[PDB]
Amino acid sequence: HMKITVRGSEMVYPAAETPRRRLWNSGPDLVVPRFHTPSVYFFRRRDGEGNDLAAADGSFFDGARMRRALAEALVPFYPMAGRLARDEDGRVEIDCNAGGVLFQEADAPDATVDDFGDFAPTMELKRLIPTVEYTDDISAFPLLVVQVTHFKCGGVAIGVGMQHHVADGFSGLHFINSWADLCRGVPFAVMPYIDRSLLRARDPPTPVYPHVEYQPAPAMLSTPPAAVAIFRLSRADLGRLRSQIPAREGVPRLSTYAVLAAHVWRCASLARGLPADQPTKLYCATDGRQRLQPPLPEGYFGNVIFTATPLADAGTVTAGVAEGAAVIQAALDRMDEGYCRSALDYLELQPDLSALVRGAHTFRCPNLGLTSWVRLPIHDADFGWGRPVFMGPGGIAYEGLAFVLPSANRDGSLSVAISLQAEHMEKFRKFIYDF
Ligand SMILES: CC(C)(COP(=O)(O)OP(=O)(O)OC[C@H]1O[C@@H](n2cnc3c(N)ncnc32)[C@H](O)[C@@H]1OP(=O)(O)O)[C@@H](O)C(=O)NCCC(=O)NCCS
Ligand SMILES: O=C(/C=C/c1ccc(O)cc1)O[C@@H]1CC(C(=O)O)=C[C@@H](O)[C@H]1O
């Protein structure tokens, strides 16, 4: 257990006038998981070639500079400085009240960036993000909490906790990367678009699918300690996995996500010892920006996550990657404009969206969640002292939940960070390379 000492904490507020208003949240904003999404950045003090990355003025993640840029970033991104609240009907919304965000600095005088190893999202990493106390008062806590930790090596971590109602990964990183840009002294490219009514349902709502993704996950037909780990597959490993799927003249090419996801689903199902007739459901967060037509404004600030949920008997998934990948890709291919549009209507008709919130019961054995960050700009946060050498989830709250990460370098590898029951992880560790 690492010695981390927090220097002290500050609420940081927008540095100019911002609108005082209630901000309506869309259906997709309300069914993402509860609490604050964790992510952690690591930065080394030297670049690969060994030069010090401190700036000409000697600075290296100077807190004052970072806080000034943060306060500037919270002007156009002002809902990030707000608080949760409810409207008259009890629907959660964002109270844009300039309550501010938490920023704190810490020192870990004994540890180095090297000490974190593969950067698996264990509790070791979670300690790099401020802790939030949740009570029944949902207005009580900041929507954004940040910690900057300084290490013995001269390295730094930035831990980010971002309340999920405010933004999905694309919008959340749009904020962090804009903050980084300001800190670095460059204007940022894209102003956020703040109005979420663009994702309002049609009137009357007219859903035209069952929306399997919002139905209860399968239970076992028939508390445990939960382990967390990270596994890299090289570009060569990924190619060999793909080459195991027959290429036939009729049949269109499966996505890499579908191939890798099928492999993870297969390995997890085997590790868990699922019987062939056990239904299993895989939850795949899908970015609706790439699917809605016409597309949303470029800087649209919110969640645009729709959910693809391949569902099959475990015997199908474990029979082989090819069979699983076909099922996943079909589920992904369903998520077009017509489908995503229908989903908005379907959510509008629900008496209570809190019931659909994805959580532990969603992802746990026999089911799985596999969220890709591969196309997210997770490595673009250069505050003026270099790009991060790693970025990933700061923890995994739920057994059965996993992340696909792109490499921080150019080598074309992918990493899978995953939480499973401890006994199952011991098998999964072996199985993920057993092909
Ligand atoms: C399938 C999906 C659900 C997840 O997959 P993904 O890992 O993010 O990546 P995608 O399927 O979108 O595209 C990656 C592909 O485009 C390739 N690619 C790389 N650069 C590219 C570029 N300029 N242009 C086009 N394709 C490119 C990639 O190599 C890859 O090709 P492949 O599948 O044949 O290997 C996708 O639809 C998606 O939603 N991505 C965003 C995920 C997200 O936001 N998750 C949650 C954050 S809250
Ligand atoms: O992946 C994200 C959020 C990413 C993100 C990254 C960096 C940020 O700054 C903010 C958010 O949301 C995921 C969405 C999700 C779901 O069921 O919809 C389940 C989890 O996998 C979340 O972690």
Side-chain angles (χ1 to χ4, degrees), residues 22-37 83-95 132 134-141 143 162-169 196-197 199-223 226 278-288 302-311 331 334-335 339-371 396-402 419:
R22 292 298 184 97
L23 183 69
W24 177 88
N25 279 26
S26 73
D29 293 322
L30 296 180
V31 297
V32 288
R34 317 199 186 263
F35 319 118
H36 289 66
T37 311
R83 294 294 184 275
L84 298 181
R86 294 184 168 94
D87 66 18
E88 62 178 11
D89 313 310
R91 175 185 187 100
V92 172
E93 61 189 0
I94 306 301
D95 184 11
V132 174
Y134 308 95
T135 63
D136 283 20
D137 187 353
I138 61 162
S139 304
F141 49 79
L143 299 180
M162 191 179 295
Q163 209 288 319
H164 220 323
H165 292 301
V166 183
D168 59 16
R196 301 181 183 204
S197 71
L199 294 187
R200 274 193 132 83
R202 296 174 291 211
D203 183 28
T206 303
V208 293
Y209 301 92
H211 292 292
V212 58
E213 64 273 20
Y214 300 121
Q215 313 311 321
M220 286 300 299
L221 299 189
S222 69
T223 312
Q278 171 66 53
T280 170
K281 188 173 184 176
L282 170 63
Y283 284 79
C284 312
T286 299
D287 176 22
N303 292 269
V304 193
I305 293 164
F306 293 90
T307 309
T309 62
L311 199 160
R334 289 184 100 172
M335 312 304 293
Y339 198 97
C340 293
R341 195 65 62 177
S342 176
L344 294 178
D345 284 6
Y346 175 85
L347 292 175
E348 181 68 19
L349 288 166
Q350 297 299 312
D352 188 17
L353 288 175
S354 72
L356 279 54
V357 165
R358 294 182 289 277
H361 63 294
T362 305
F363 305 115
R364 67 187 178 213
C365 183
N367 307 309
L368 212 63
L370 187 56
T371 303
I396 301 178
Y398 303 133
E399 195 270 319
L401 190 55
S419 171

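The chain is numbered in sequence order, starting from 1. Any value given below was found using the heavy atoms of this structure, including those in side chains, with hydrogens, waters and symmetry copies removed.
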- [ ] May I ask you to check whether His211 and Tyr339 place their ring centers less than 6.0 Å from one another?
- [x] yes

Open item on the list: Given 3.5 Å as the limit, does a donor-acceptor pair link the side chain of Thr286 with the main chain of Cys284, or not?
Closed with: yes

Task: Side-chain donor or acceptor of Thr371 paired with backbone N/O of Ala285 under 3.5 Å - done: no

Open item on the list: To the closest 0.5 Å, what do you measure between CZ (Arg364) and OG1 (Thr223)?
Closed with: 9.5 Å

Open item on the list: If you define the side chain from C-beta out and look only at heavy atoms, does anything of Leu282 sit under 4.5 Å from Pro310?
Closed with: yes

Task: Set of side-chain hydrogen bond (donor to acceptor under 3.5 Å, both in side chains) partners for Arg334, sequence neighbours left out - done: none

Task: Close side-chain approach of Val32 and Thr37, heavy atoms under 4.5 Å - done: no

Task: Heavy-atom donor-acceptor pair, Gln163 side chain to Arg34 backbone, under 3.5 Å - done: no

Task: Non-hydrogen side-chain atoms of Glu399 and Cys365 separated by less than 4.5 Å - done: yes

- [ ] Fit a plane to each ring of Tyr134 and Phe141, take the angle between them on a 0 to 90° scale, and name the class: parallel (under 30°), tilted (30 to 60°) or perpendicular (over 60°).
- [x] perpendicular

Open item on the list: When you compare the side chains of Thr135 and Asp137, does any donor N or O come within less than 3.5 Å of an acceptor on the partner?
Closed with: no

Task: Any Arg358 side-chain heavy atom under 4.5 Å of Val31 side chain - done: yes

Task: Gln350 to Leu353 - nearest heavy-atom pair and separation - done: CB-CD2, 3.9 Å

Open item on the list: Does atom CZ (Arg91) have a neighbourhood of more than 12 heavy atoms from anything else shown, all under 6.0 Å?
Closed with: yes

Task: Short side-chain to backbone donor-acceptor contact, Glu348 and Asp203, under 3.5 Å - done: no

- [ ] State, without any angle test, whether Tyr346 and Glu213 hold a side-chain donor-acceptor pair at a distance under 3.5 Å.
- [x] no

Task: Least distance between heavy atoms, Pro366 atom then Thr280 atom - done: O-OG1, 2.7 Å

TODO: For the residue pair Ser26 and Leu344, establish whether any side-chain heavy-atom pair is separated by less than 4.5 Å.
DONE: no

Task: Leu347 and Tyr214, any side-chain heavy atoms less than 4.5 Å apart - done: yes

Open item on the list: Quick one: does any side-chain atom of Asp352 pair with a main-chain N or O of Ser354 as donor and acceptor, under 3.5 Å?
Closed with: yes

Task: Atom pair SG/CG of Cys340 and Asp345 - distance to nearest 0.5 Å - done: 12.0 Å

Task: Heavy-atom side-chain proximity of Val304 to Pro28 below 4.5 angstrom - done: no

- [ ] Verify the neighbour count for atom CG of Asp136: are there more than 12 heavy atoms of other residues, nucleotides or ligands below 6.0 Å?
- [x] no

Open item on the list: Using a 3.5 Å distance criterion without hydrogens, assess whether the side chain of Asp95 forms a donor-acceptor pair with backbone atoms of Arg83.
Closed with: no

Open item on the list: Name the residue from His165, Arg196, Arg22 that meets the side chain to side chain donor-acceptor pair (under 3.5 Å) definition with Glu93.
Closed with: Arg22

- [ ] Locate the shortest heavy-atom distance separating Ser342 from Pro207; write the atom from each residue and the value.
- [x] OG-CA, 3.4 Å

Task: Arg341 CZ to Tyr209 OH distance, which is reported to the nearest 0.5 Å - done: 13.0 Å

Open item on the list: Any side-chain to backbone donor/acceptor pair from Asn303 onto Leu30? Under 3.5 Å, distance only.
Closed with: no

Task: Nearest-0.5 Å distance, CG of residue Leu143 to CG of residue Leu84 - done: 5.0 Å

Open item on the list: Looking at every non-hydrogen atom in both residues, tell me the closest pair between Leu311 and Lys281 and how far apart they are.
Closed with: CD1-CD, 3.7 Å

TODO: Would you mind reporting whether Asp29 and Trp24 have side-chain heavy atoms less than 4.5 Å apart?
DONE: no

- [ ] Would you give the length of the straight line joining atom CZ of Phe306 to atom CG of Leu199, rounded to the nearest 0.5 angstrom?
- [x] 6.0 Å

- [ ] Nearest 0.5 Å please: distance from the CZ atom of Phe363 over to the CG atom of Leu368.
- [x] 9.5 Å

